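K.L.:
First the structure, which I've put down as C-alpha cells, then a few questions once you've had a look.
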Amino acid sequence: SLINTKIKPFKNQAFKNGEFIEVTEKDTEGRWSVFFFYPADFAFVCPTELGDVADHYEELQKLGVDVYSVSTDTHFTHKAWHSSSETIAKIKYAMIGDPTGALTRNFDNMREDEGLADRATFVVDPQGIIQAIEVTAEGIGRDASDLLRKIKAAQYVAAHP
Amino acid sequence: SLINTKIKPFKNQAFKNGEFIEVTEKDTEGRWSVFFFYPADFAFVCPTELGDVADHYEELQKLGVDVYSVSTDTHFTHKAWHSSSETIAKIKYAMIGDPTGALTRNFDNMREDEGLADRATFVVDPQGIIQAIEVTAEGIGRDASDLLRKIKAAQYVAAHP
Amino acid sequence: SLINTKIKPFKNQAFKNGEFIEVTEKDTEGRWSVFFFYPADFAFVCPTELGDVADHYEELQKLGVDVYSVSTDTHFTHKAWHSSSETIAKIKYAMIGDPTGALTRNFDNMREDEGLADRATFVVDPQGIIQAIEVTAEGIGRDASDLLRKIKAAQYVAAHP
Amino acid sequence: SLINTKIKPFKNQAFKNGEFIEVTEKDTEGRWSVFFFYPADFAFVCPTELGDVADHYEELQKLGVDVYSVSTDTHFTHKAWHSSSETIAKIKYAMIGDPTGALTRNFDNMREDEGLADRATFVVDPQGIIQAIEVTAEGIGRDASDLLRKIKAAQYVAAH
Amino acid sequence: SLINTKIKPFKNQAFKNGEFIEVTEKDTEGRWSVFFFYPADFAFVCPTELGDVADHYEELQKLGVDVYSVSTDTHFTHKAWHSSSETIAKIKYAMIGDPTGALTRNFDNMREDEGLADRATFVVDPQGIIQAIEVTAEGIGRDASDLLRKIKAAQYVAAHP
Amino acid sequence: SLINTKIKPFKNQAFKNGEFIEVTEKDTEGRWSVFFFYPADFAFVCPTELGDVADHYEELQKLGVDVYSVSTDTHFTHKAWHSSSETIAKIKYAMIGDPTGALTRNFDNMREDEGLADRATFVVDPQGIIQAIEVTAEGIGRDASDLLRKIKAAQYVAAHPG
Amino acid sequence: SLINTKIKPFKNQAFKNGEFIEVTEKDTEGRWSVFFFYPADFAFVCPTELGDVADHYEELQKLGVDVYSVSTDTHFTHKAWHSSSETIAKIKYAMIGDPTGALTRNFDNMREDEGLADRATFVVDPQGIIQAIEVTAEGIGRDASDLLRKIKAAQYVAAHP
Amino acid sequence: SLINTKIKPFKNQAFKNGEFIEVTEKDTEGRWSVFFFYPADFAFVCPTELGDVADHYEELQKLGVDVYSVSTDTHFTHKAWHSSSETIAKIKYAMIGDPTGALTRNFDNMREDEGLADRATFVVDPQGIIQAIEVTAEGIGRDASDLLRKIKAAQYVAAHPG
Amino acid sequence: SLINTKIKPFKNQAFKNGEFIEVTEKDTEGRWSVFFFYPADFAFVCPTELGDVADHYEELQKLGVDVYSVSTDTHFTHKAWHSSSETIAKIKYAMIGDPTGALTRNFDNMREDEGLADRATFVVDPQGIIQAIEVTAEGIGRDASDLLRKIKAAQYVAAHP
Amino acid sequence: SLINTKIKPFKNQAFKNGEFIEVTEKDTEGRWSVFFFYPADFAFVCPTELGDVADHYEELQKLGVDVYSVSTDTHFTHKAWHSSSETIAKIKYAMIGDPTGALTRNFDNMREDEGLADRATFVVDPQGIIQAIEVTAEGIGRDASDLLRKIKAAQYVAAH
Ligand SMILES: [Cl-]
Ligand SMILES: [Cl-]
Ligand SMILES: [Cl-]
Ligand SMILES: [Cl-]
Ligand SMILES: [Cl-]
Ligand SMILES: [Cl-]
Ligand SMILES: [Cl-]
Ligand SMILES: [Cl-]
Ligand SMILES: [Cl-]
Ligand SMILES: [Cl-]
Ligand SMILES: [Cl-]
Ligand SMILES: [Cl-]
Ligand SMILES: [Cl-]
Ligand SMILES: [Cl-]
C-alpha cells in the first residue's frame, strides 16, 4: 500500500474544458487532489464512473479538491473522447494522458502486460500525502458519493488531530 | 497494487467465539473472503469499524462471505479485547493474530516503522483472487455498507460475465 | 540499424475494416510487409502520410504486400479515429495498437520520454528480413510513392540475384 | 553473548503508572538499567516474574536502578493488561512496547518464527555497557532476588 | 534508430578533388550535412547511387548542405577509385575513409562480420541533430532526388516549427 | 541468544579425575549437561565458582546431570591446576581444554581480543537443547545454588509441560 | 611474441591471378606458409617489398612454400591495385583481404588507432607453428632473400632435428 | 620463509623472573632478539630445549641478545610452570603468553587445528629484521649451542658487511 | 612455515656426476631427502656450504638420505660450475636447476625481487612430509654436521613414538 | 607485436669486459640500441650468434650503436662463460643478467614454462622506440650482417 506516502514528481499533458494544459505535482501542492485512474478511452465499457465524479465536480471544487482522471492514452485521445461521448462531454475536470506510464507507475498502478492502468482512485492531501485508496476489478463499480464521504472525513481529521 | 492477484499461503492463530483456532489459506478456498486489517487492539480509537462488520456478519454469512480481522497483535490479546470491549464482544468472526507480520506482509500492508498493519480491506473471491481493495488513513472510516455493496457486485460479475 | 535482421515475434490487437483482429508474426510469414509507425492518433498533424499509403494500398496488395500501421494507442482508439477523420476513414489495412510498446521496442523505435513511436517505415520480406528503413523527424513527410519504388526494387533483387 | 558490549540506540513508546511515555537510550545514560524481556501479555503463563521485580522495585530505585519490561506488544496492550491482572497492576516501572522488534533485535533476543522476544534479562551500567545476561526457556523462572544480588556486585566492581 | 540524437565526435582522412584533407565533427557545425555510407570501393556494384548524389550536388551546396560519403576503405583507395571509374570521377564532395570503423560505429552502421558499413544515409542539421535516416539492402537504390525533397522539408521545418 | 538451539558437534581433550579423556557431543546425548566457562586457569581470581560447583556435583549426578568446565587452556594445564589449587583439587567433573576455541565459539562465547572464553553457564537437556544461559562480567559471581534451582526447574517442565 | 604457437582459424577472401578465392587455415595445413602483412594498398610507399617476394616466388614454390599477403583492404581493392601498378601486377600468390581485421589480430599485428596492419612477416610450418617472425617500421625494408635463407634453415631443422 | 622480513607489531603479557610484564615490538627495537616458540606448557615433552637455552642465557645477555619463549598458553600458566618444574625454574628470560595467537601468526607459526605454536626459533636483529629461522617436528631437538653459533655469526656479518 | 606439510610435485632438470638427469617428486618417495637451496652459482660467496654437505654425503647415503642442491640457475650452469670450482667438483649429489622458480616457490623460498632462492634447507621423510627447516641470511653459515644430527633424530622419532 | 612502442624502464646487472655494471634505460637514451636475447648460457648449442655480433661490434660502435645481450642467467654466469668459451671471450659489449625475467617480459619475450628468453633481436632508436624485431626458433640463425642492414636503413630513415 502507498497509504501515507508522498506522491512522486510527474509532468503530463492533459485536456481540460476544450484546451490543452500541462500538469505537474506542483499543480497539486497546497490542494486536495483526487487521482482517478481507468484503463482505456473508447472501451465498450460504459463510463458511468467518470461521469459520476463529473456530477459531483461542483461540491468537490467548493471543498478545494481538484480531480484528475488518468489513463495511458494521450491527451489528443481524451479530446476526441470528450467530443464523441455525451457522458464524457460533461467532464469539466482535467483529463491527464500518461503514454509513458510514468504517472501510472508512480502509483504502482500499471498492468504491465496490457499497458493500461488498473481501476484505482487515490485521495491526496495538500502536503502530497495519499490519504485514501480504492481499487476494484472491472465488474465492481466505484461509487462517487462514497469518494466524497471519504474526502470530507479526511479533511475533518486534518482539522482535528 | 495487489488487485487481481492470488493471495499467498499463510498459517496463523486466531480467536473465534471463545476459542483459539488455526487459520490458513486452505480455509479460504471455495469461499468469498474478507480480510479486514487494522493497526492495534486496545488503541482507544473506538473500534467503530470492527463492530460495523460485526453488525453485517449474519448478512455476509448468507452471501457465503467469511470475515477475518487481522492485526499484528497476538490471539491472546484478541481474547482479552473481546472480554473487555462491549463492541468487540459482538464479533463472531475470526480475529487473526499476526505477530510475525507474515500475513500482513503478504498483502503488502505493513507500516514498517511502526510494526502495525494499515487500515486496509481486501475482498477475495473463491479462487483466491483479490477483487477489491480499500485503504484509508487513521482518521477515515471504512463503511461496511459499501463493503457489502462491492461484495454483491463482485458476486454479480462472477455469475454473469 | 536493424537492416538485414529478422523481425521478432509479436502479438497485438488491431482494427481493420470495422473489426478487431489479432496480428502476430505468423501473419507476416510468406508475405511482404510494411510496418508504418507514427506517434499518436488524433494528432495535430493532418495524417496525410497514413492517407498517402491508403491511396496506394490497392497497388501494394497486387504486389503481395501487406500494410500494418503501428502506434502505442489502443485499437479502440484506432476505431474511433477511423470514424472521425475522413482521411483515416479510407484506411483499409490493419491499424495495430501497441500500448505495451513491445512491438515498437522490437523495431528499436520508441521515444522513451514521450511513450510514442518514431515516424519510421520498415519493409520486411517474406522470410522476415528487414530490407529497407526510413525514419524522419516530425516535419519531414514520408512519400508512399518512394516506398513503392523501393518495394518493387526489393522484389526485383529477390527474383534476380 | 552480548556481554561487555554497548547497548544500541532505540526509541519506543511505553506505559508507566497510568501514562504513555517515550523511552530512548538517552533515558538510560548515567543510570543503571535492567531490561526485562518476556514473550507476550495476556498469555496463559501467570506473570509471577514481572511482579517479583515490582516487589523489589523501591529497593532497586534506591540503588539508582531503572527497570524496563519489554515485549513485542504495544503500549496499548500493556495498559490493558495493567488494568486486568491484579499482579501486573503492581508494576510501577515502565512497560515498553516493541511492535517493530527493533529493541528486541538490538539485544539479539527475537524468536524470529514467533515474532516474540525470549525470556531474557540484561543488566546495563551507566555507560551503556551490558554487565550481566540471563536467558531461560519458558518453564524456568528468573529470580528477582538473584537479579538484585548481581546488580549489587556490579555496582561494587564499578566502584573498584 | 538514431533519429533526433546528436552526432558523435570523429576524426577521419578523406579525399576531395585531388587532395587529402582531414574531417572532424567541427567541420559539420553550423552546416547541414548528409553522411552517405556504402560498403566497399571497387565493388561489382555499379556505383549508380554515389554518382546520382554527385549530379544533384551543386543544388545541395546552394542549400548549404555538405556531403560526405563514408566507407571503411582508406582515403588512398577512394583516390584510386576516383581515377578508374568515370562515374566515381564526377564526385566533387569529400570521400571519407573509415578503416578503424569509428565513424561508421558512431552511426551504429557496421556489419561486424564483414567489417563493412551498411547502405545508410543520414541527414544532419546544423546543431548536429540527425533528422532523416534511410537504410537499404544491396539491391534497392537510394534516390537522390528524394533525398533533396527531404532536405528541403527539413529546412522548412527548422524555419517554421 | 542461543536459547533453544541444539548444541553443535565438538571434540576436545579433557582432564578428569586423574586421567585424560576425549569428550564429544556424543557423550552429552541423553544426559542433562552444564557447560561452565571461565577465562583462564591459575588466574588472580580464587576459583570459587569452580569449587562451588564441585560442592554440588553429587546432587547433580543423582539428578543425571553431567558437568563440564571449559577454558581455552590445555588439558595439560588443567591437570597441573588440579594439583596446585586446594579448591580445584576437589573437582571431580571433566575439565575440557579448548586451545582452538572451537568449543567456545560454538557457544558464541569467545572474547576474541583476549582469546579467552567469557564467564558463561549453559544448561543443556538430553536432546541437546540449551534451556538456560547465564553470562556475567568479571566482577559478578555466578551462584551455584541458583544454578541448581534452574536445573531442577528445567527438569520439571520437561516432565510436566504447560 | 607469437613465436612457437599454432596459428588461429581464419576465413578470408583473397585475390589470386585474376580470380576471387576463399582462403582458410585449412588451406595452410600440411604446407609451409609465409604470411606477409602490410598497412595499405595504393599507399605513397612504392611497394618494393611485395614485388621482391614475387621475384622469389617460383623459387619458394619449389620449396613447398605458399605466400599470402594481408592487409585490412578488401579483395576488391587488391584486384584494382593489381591492375594499375606494374610492380603489384607481377604478384602471382594470394592477396588476402582482412576488412574485419580478424586475421590481422590473430597474428597480434593490428595498429589499433589506424585500423591497418603493421609490416610483419610470419613463417608457418605444416603443423601451423610460427617458426619465424620479422617486424619493421616503415623505413626498414624486409629483404626477401633473407626470408629464403630462414625458410631453408627452418626446413632443415624439421627434417634433421 | 619470513627470512629477511621485519617483525610485525605486537603486545603480549609475559612472565619474567617473578614478575608480570608487557612485551611489545618496541622492546625489541635496537636489540638482538631470539623468539623461541614451543607448543605447550606442562606437556609430556621434557622441557630440555628451554632449559638448555636458559644455560646459555648469561652468555646471550653478554652479547646483547634478549630471549623470548612463546606459547599460546597464558602468562599465568607460565608462572605456574616456572614454580613446578626444576628445569623451567632456571629460566630468567621473559615467557610470553599468546592466547589470542596474534604473535604466533605474525611469525606464520600457528598449527591451526591444534591451536598451538610449532617448534620454531627466530633470530631478529636490532632493526627488526629476521636473520635466521629454524623449525622442527616434535621429536627433533633444537641445539642451543648451534643457535649461539648463528647469533655470533649474524653479529659478525652485521658489523663486517661482505 | 611448511613444517609438517607434504612436498608438492615438481619436474626439473639436474646435473649429477657427469650426467643430465630429470628429478621429480617420485624420486623422493620412500626415501629421506634433503633439499638444499642457495642463491646463485659462480657467486663471490665461497661455496663452503655445498662442499661441507658433499663431505658428509657418503655418511648421508648410508642413512638412505638423498641430497638435492637447488638454485634458479640452469643445469647447464651447474655443469660448468662443477668444472671450474675445485670445491663444487667434489659434489656427487644431484644439482637441480630451477629456472622457472616452481620448485623454489613450492617451498615458499623465492626472493621475488631478485629471482634467486633463499639459503634454506629442508629435511623430508619418506612420506614426503617436511620434518626440519633451516633458513639463514647470507653471512650465517649452515653447519652440515648439525644437519646430520637432525636427520638422525628425525629417523629415530619415525621409528619410536 | 611491440613494434613502434617505447621500451619500458629496467635495472639489471651485467658483465662488460672484466667488470660488473648496472644497466638501465637511461644508458640507452640518446643512443641506438640492439637488445639480443638468447635462452641460456653454456648450452650445447654453440654461441655462433653472439660471436657474429661481436665481429661486427666495432662497425656497430662506429655507427653509435650499443649492443646488450640478455638471458635469464645471472651476470655471474655470464662472466664464467666469458672465460670458458673462446667464442664468448671475444665479446666486448654488455652481457645483461635477467633472473627476475622483468627485462625479458618487458619485451614480451619470455617462454614462461621454461623460464628462458626466446631467440629475439630488438632494434631501438635514440628515443627509445622499437624499430625492428626478429624472432626465430632454435634452428634458424640470426644473421648479424642483416642486423646491420636494418640498423643502417633505420638510421637513413631517421635522418630522412
Ligand atoms: Cl497501492
Ligand atoms: Cl495493494
Ligand atoms: Cl533501425
Ligand atoms: Cl510502456
Ligand atoms: Cl545474548
Ligand atoms: Cl516484526
Ligand atoms: Cl539508425
Ligand atoms: Cl548466547
Ligand atoms: Cl585462536
Ligand atoms: Cl608477434
Ligand atoms: Cl614482441
Ligand atoms: Cl577493425
Ligand atoms: Cl617462516
Ligand atoms: Cl617455510
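How things are named: the first chain in the C-alpha cells is A, the next is B, and so on; residues count from 1 in each chain; ligands count from 1 in the order shown.
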Any idea what's packed within 9 Å of residue 28 (chain C), counting only C-alpha atoms, ignoring anything in its chain fewer than 3 positions away? Could you give it as a PyMOL selection string?

P.N.:
chain C and resi 23-25+31-33+66+124-128

K.L.:
Run DSSP on the backbone and grab whatever in region 9-114 of chain H lands in alpha helix (DSSP H); send it over as number ranges by chain.

P.N.:
H: 25-28, 48-55, 57-62, 75-84, 102-106

K.L.:
Filtering to N, CA, C and O atoms, could you give me those residues as a short mmCIF file (atom, residue, chain, number, x, y, z; two decimals), in the first residue's frame?

P.N.:
```
data_model
loop_
_atom_site.label_atom_id
_atom_site.label_comp_id
_atom_site.auth_asym_id
_atom_site.auth_seq_id
_atom_site.Cartn_x
_atom_site.Cartn_y
_atom_site.Cartn_z
N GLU H 25 56.74 -4.81 20.47
CA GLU H 25 57.81 -4.75 19.49
C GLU H 25 58.79 -3.62 19.84
O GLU H 25 59.96 -3.69 19.48
N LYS H 26 58.34 -2.62 20.59
CA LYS H 26 59.26 -1.57 20.98
C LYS H 26 60.35 -2.10 21.90
O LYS H 26 61.42 -1.52 21.96
N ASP H 27 60.09 -3.18 22.63
CA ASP H 27 61.14 -3.73 23.48
C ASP H 27 62.24 -4.39 22.65
O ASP H 27 63.38 -4.47 23.11
N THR H 28 61.92 -4.85 21.45
CA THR H 28 62.93 -5.45 20.57
C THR H 28 63.74 -4.45 19.77
O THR H 28 64.78 -4.79 19.21
N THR H 48 63.56 -29.74 28.00
CA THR H 48 65.00 -29.64 27.91
C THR H 48 65.47 -28.48 27.02
O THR H 48 66.49 -27.85 27.30
N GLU H 49 64.72 -28.21 25.95
CA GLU H 49 65.10 -27.20 24.99
C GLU H 49 65.10 -25.83 25.63
O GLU H 49 66.02 -25.05 25.40
N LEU H 50 64.07 -25.52 26.42
CA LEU H 50 64.00 -24.21 27.08
C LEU H 50 65.09 -24.06 28.13
O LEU H 50 65.69 -22.99 28.26
N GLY H 51 65.31 -25.15 28.88
CA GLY H 51 66.33 -25.19 29.92
C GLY H 51 67.71 -25.04 29.29
O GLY H 51 68.51 -24.26 29.80
N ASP H 52 67.97 -25.70 28.17
CA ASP H 52 69.28 -25.55 27.52
C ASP H 52 69.51 -24.16 27.06
O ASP H 52 70.61 -23.66 27.18
N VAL H 53 68.47 -23.51 26.56
CA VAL H 53 68.61 -22.11 26.21
C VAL H 53 68.91 -21.27 27.46
O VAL H 53 69.71 -20.35 27.40
N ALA H 54 68.25 -21.58 28.56
CA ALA H 54 68.49 -20.89 29.81
C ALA H 54 69.95 -20.95 30.28
O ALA H 54 70.48 -19.97 30.81
N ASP H 55 70.61 -22.09 30.05
CA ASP H 55 72.03 -22.28 30.42
C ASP H 55 72.92 -21.28 29.68
O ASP H 55 73.94 -20.83 30.21
N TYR H 57 71.92 -18.37 28.67
CA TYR H 57 71.29 -17.06 28.72
C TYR H 57 72.26 -15.98 29.24
O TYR H 57 72.21 -14.84 28.76
N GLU H 58 73.15 -16.29 30.20
CA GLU H 58 74.07 -15.23 30.62
C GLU H 58 75.04 -14.88 29.51
O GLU H 58 75.40 -13.70 29.36
N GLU H 59 75.43 -15.88 28.73
CA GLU H 59 76.28 -15.62 27.56
C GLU H 59 75.49 -14.87 26.48
O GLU H 59 76.06 -13.98 25.83
N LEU H 60 74.23 -15.22 26.24
CA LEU H 60 73.41 -14.48 25.28
C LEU H 60 73.25 -13.02 25.73
O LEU H 60 73.29 -12.10 24.91
N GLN H 61 72.99 -12.81 27.02
CA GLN H 61 72.83 -11.44 27.55
C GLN H 61 74.12 -10.59 27.44
O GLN H 61 74.08 -9.40 27.10
N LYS H 62 75.26 -11.24 27.60
CA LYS H 62 76.55 -10.59 27.44
C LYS H 62 76.71 -10.07 25.98
O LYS H 62 77.28 -9.01 25.74
N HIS H 75 50.17 -16.14 30.41
CA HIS H 75 51.32 -15.85 31.26
C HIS H 75 51.12 -16.44 32.67
O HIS H 75 52.08 -16.70 33.39
N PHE H 76 49.87 -16.61 33.08
CA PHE H 76 49.60 -17.24 34.35
C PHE H 76 50.10 -18.67 34.38
O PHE H 76 50.75 -19.10 35.34
N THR H 77 49.87 -19.38 33.29
CA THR H 77 50.30 -20.77 33.23
C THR H 77 51.83 -20.82 33.29
O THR H 77 52.40 -21.75 33.86
N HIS H 78 52.49 -19.84 32.68
CA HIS H 78 53.95 -19.80 32.71
C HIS H 78 54.50 -19.65 34.13
O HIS H 78 55.44 -20.35 34.50
N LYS H 79 53.90 -18.77 34.93
CA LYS H 79 54.32 -18.56 36.32
C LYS H 79 54.17 -19.89 37.05
O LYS H 79 55.05 -20.29 37.81
N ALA H 80 53.03 -20.54 36.85
CA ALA H 80 52.78 -21.84 37.46
C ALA H 80 53.80 -22.89 37.04
O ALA H 80 54.23 -23.70 37.87
N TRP H 81 54.11 -22.92 35.75
CA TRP H 81 55.10 -23.86 35.22
C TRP H 81 56.47 -23.64 35.82
O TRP H 81 57.19 -24.58 36.16
N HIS H 82 56.81 -22.36 35.92
CA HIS H 82 58.05 -21.90 36.49
C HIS H 82 58.24 -22.36 37.94
O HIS H 82 59.38 -22.47 38.39
N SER H 83 57.15 -22.58 38.67
CA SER H 83 57.21 -23.00 40.09
C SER H 83 57.19 -24.50 40.27
O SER H 83 57.54 -24.99 41.34
N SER H 84 56.82 -25.26 39.25
CA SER H 84 56.70 -26.69 39.48
C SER H 84 57.76 -27.52 38.78
O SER H 84 58.00 -28.65 39.15
N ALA H 102 48.02 -13.98 18.04
CA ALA H 102 48.47 -12.99 17.09
C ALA H 102 49.98 -13.01 16.88
O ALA H 102 50.45 -12.92 15.73
N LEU H 103 50.75 -13.19 17.97
CA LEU H 103 52.20 -13.22 17.85
C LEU H 103 52.66 -14.44 17.09
O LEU H 103 53.46 -14.36 16.17
N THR H 104 52.04 -15.56 17.38
CA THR H 104 52.36 -16.79 16.70
C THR H 104 52.05 -16.64 15.22
O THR H 104 52.82 -17.07 14.38
N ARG H 105 50.91 -16.05 14.88
CA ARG H 105 50.56 -15.85 13.49
C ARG H 105 51.43 -14.83 12.77
O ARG H 105 51.64 -14.93 11.55
N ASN H 106 51.89 -13.81 13.49
CA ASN H 106 52.86 -12.87 12.94
C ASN H 106 54.08 -13.59 12.35
O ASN H 106 54.62 -13.18 11.32
#
```

K.L.:
Mind listing the strand (DSSP E or B) residues of region 18-105 of chain E, per DSSP on the backbone, as a PyMOL selection string?

P.N.:
chain E and resi 19-24+32-37+65-71+94-97

K.L.:
Generate a file of the selected residues that holds N, CA and C atoms, formatted as a PDB file, in the first residue's frame.

P.N.:
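Printed below is out-v2.pdb as written:
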```
ATOM      1  N   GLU E  19      42.914  16.078 -53.369  1.00  0.00           N
ATOM      2  CA  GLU E  19      43.685  16.296 -52.161  1.00  0.00           C
ATOM      3  C   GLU E  19      43.212  15.457 -51.013  1.00  0.00           C
ATOM      4  N   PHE E  20      44.111  15.273 -50.050  1.00  0.00           N
ATOM      5  CA  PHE E  20      43.784  14.585 -48.820  1.00  0.00           C
ATOM      6  C   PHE E  20      43.460  15.631 -47.781  1.00  0.00           C
ATOM      7  N   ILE E  21      42.330  15.527 -47.107  1.00  0.00           N
ATOM      8  CA  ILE E  21      42.025  16.530 -46.114  1.00  0.00           C
ATOM      9  C   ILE E  21      41.619  15.762 -44.894  1.00  0.00           C
ATOM     10  N   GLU E  22      41.667  16.418 -43.747  1.00  0.00           N
ATOM     11  CA  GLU E  22      41.140  15.823 -42.545  1.00  0.00           C
ATOM     12  C   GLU E  22      39.744  16.400 -42.262  1.00  0.00           C
ATOM     13  N   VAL E  23      38.837  15.520 -41.844  1.00  0.00           N
ATOM     14  CA  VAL E  23      37.494  15.909 -41.467  1.00  0.00           C
ATOM     15  C   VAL E  23      37.211  15.530 -40.012  1.00  0.00           C
ATOM     16  N   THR E  24      36.665  16.475 -39.266  1.00  0.00           N
ATOM     17  CA  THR E  24      36.196  16.171 -37.926  1.00  0.00           C
ATOM     18  C   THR E  24      34.785  16.726 -37.799  1.00  0.00           C
ATOM     19  N   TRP E  32      24.322  22.089 -42.737  1.00  0.00           N
ATOM     20  CA  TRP E  32      23.629  20.846 -42.989  1.00  0.00           C
ATOM     21  C   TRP E  32      24.551  19.815 -43.576  1.00  0.00           C
ATOM     22  N   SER E  33      24.400  18.576 -43.125  1.00  0.00           N
ATOM     23  CA  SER E  33      25.263  17.508 -43.592  1.00  0.00           C
ATOM     24  C   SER E  33      24.467  16.274 -44.011  1.00  0.00           C
ATOM     25  N   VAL E  34      24.934  15.652 -45.080  1.00  0.00           N
ATOM     26  CA  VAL E  34      24.463  14.350 -45.459  1.00  0.00           C
ATOM     27  C   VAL E  34      25.659  13.420 -45.275  1.00  0.00           C
ATOM     28  N   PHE E  35      25.542  12.407 -44.413  1.00  0.00           N
ATOM     29  CA  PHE E  35      26.551  11.344 -44.333  1.00  0.00           C
ATOM     30  C   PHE E  35      26.037  10.164 -45.120  1.00  0.00           C
ATOM     31  N   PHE E  36      26.737   9.847 -46.198  1.00  0.00           N
ATOM     32  CA  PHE E  36      26.307   8.830 -47.124  1.00  0.00           C
ATOM     33  C   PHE E  36      27.261   7.621 -47.061  1.00  0.00           C
ATOM     34  N   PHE E  37      26.831   6.554 -46.386  1.00  0.00           N
ATOM     35  CA  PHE E  37      27.632   5.337 -46.196  1.00  0.00           C
ATOM     36  C   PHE E  37      27.407   4.312 -47.309  1.00  0.00           C
ATOM     37  N   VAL E  65      24.164  22.512 -47.944  1.00  0.00           N
ATOM     38  CA  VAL E  65      24.318  21.155 -47.464  1.00  0.00           C
ATOM     39  C   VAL E  65      25.671  20.604 -47.929  1.00  0.00           C
ATOM     40  N   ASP E  66      26.497  20.131 -46.992  1.00  0.00           N
ATOM     41  CA  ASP E  66      27.745  19.459 -47.340  1.00  0.00           C
ATOM     42  C   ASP E  66      27.466  17.965 -47.398  1.00  0.00           C
ATOM     43  N   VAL E  67      28.212  17.247 -48.223  1.00  0.00           N
ATOM     44  CA  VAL E  67      28.010  15.824 -48.375  1.00  0.00           C
ATOM     45  C   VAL E  67      29.295  15.077 -48.070  1.00  0.00           C
ATOM     46  N   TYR E  68      29.208  14.011 -47.289  1.00  0.00           N
ATOM     47  CA  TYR E  68      30.363  13.155 -47.034  1.00  0.00           C
ATOM     48  C   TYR E  68      30.032  11.701 -47.311  1.00  0.00           C
ATOM     49  N   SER E  69      30.692  11.068 -48.272  1.00  0.00           N
ATOM     50  CA  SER E  69      30.498   9.633 -48.365  1.00  0.00           C
ATOM     51  C   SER E  69      31.503   9.028 -47.414  1.00  0.00           C
ATOM     52  N   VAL E  70      31.167   7.845 -46.919  1.00  0.00           N
ATOM     53  CA  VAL E  70      31.946   7.193 -45.904  1.00  0.00           C
ATOM     54  C   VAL E  70      31.913   5.731 -46.225  1.00  0.00           C
ATOM     55  N   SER E  71      33.113   5.166 -46.283  1.00  0.00           N
ATOM     56  CA  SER E  71      33.328   3.744 -46.325  1.00  0.00           C
ATOM     57  C   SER E  71      34.445   3.286 -45.421  1.00  0.00           C
ATOM     58  N   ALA E  94      33.476  15.374 -50.438  1.00  0.00           N
ATOM     59  CA  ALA E  94      34.528  14.722 -49.679  1.00  0.00           C
ATOM     60  C   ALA E  94      34.242  13.234 -49.535  1.00  0.00           C
ATOM     61  N   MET E  95      35.239  12.399 -49.803  1.00  0.00           N
ATOM     62  CA  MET E  95      35.118  10.969 -49.596  1.00  0.00           C
ATOM     63  C   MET E  95      35.903  10.538 -48.374  1.00  0.00           C
ATOM     64  N   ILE E  96      35.213  10.260 -47.273  1.00  0.00           N
ATOM     65  CA  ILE E  96      35.862   9.910 -46.008  1.00  0.00           C
ATOM     66  C   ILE E  96      36.258   8.435 -45.903  1.00  0.00           C
ATOM     67  N   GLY E  97      37.504   8.174 -45.503  1.00  0.00           N
ATOM     68  CA  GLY E  97      37.950   6.828 -45.199  1.00  0.00           C
ATOM     69  C   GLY E  97      37.782   6.513 -43.714  1.00  0.00           C
TER      70      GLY E  97
END
```

K.L.:
To check your reading of the model: which residues sit at most 10 Å from ligand 4 when counting only C-alpha atoms and all ligand atoms? Write the answer as a PyMOL selection string.

P.N.:
(chain A and resi 72+98-102+105+110-116) or (chain C and resi 72+98-102+104-105+110+112+115-116)

K.L.:
Suppose you want the space between CA of residue 54 (chain D) and CA of residue 30 (chain D); what is it in Å?

P.N.:
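Those two atoms sit 22.0 Å apart.
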
K.L.:
Using only C-alpha atoms, determine which residues lie at most 12 Å from region 150-160 of chain A, disregarding the query and same-chain residues fewer than 2 positions distant; provide the list as a PyMOL selection string.

P.N.:
(chain A and resi 31-34+59-67+121-127+129-134+143-148) or (chain B and resi 134-143+146)
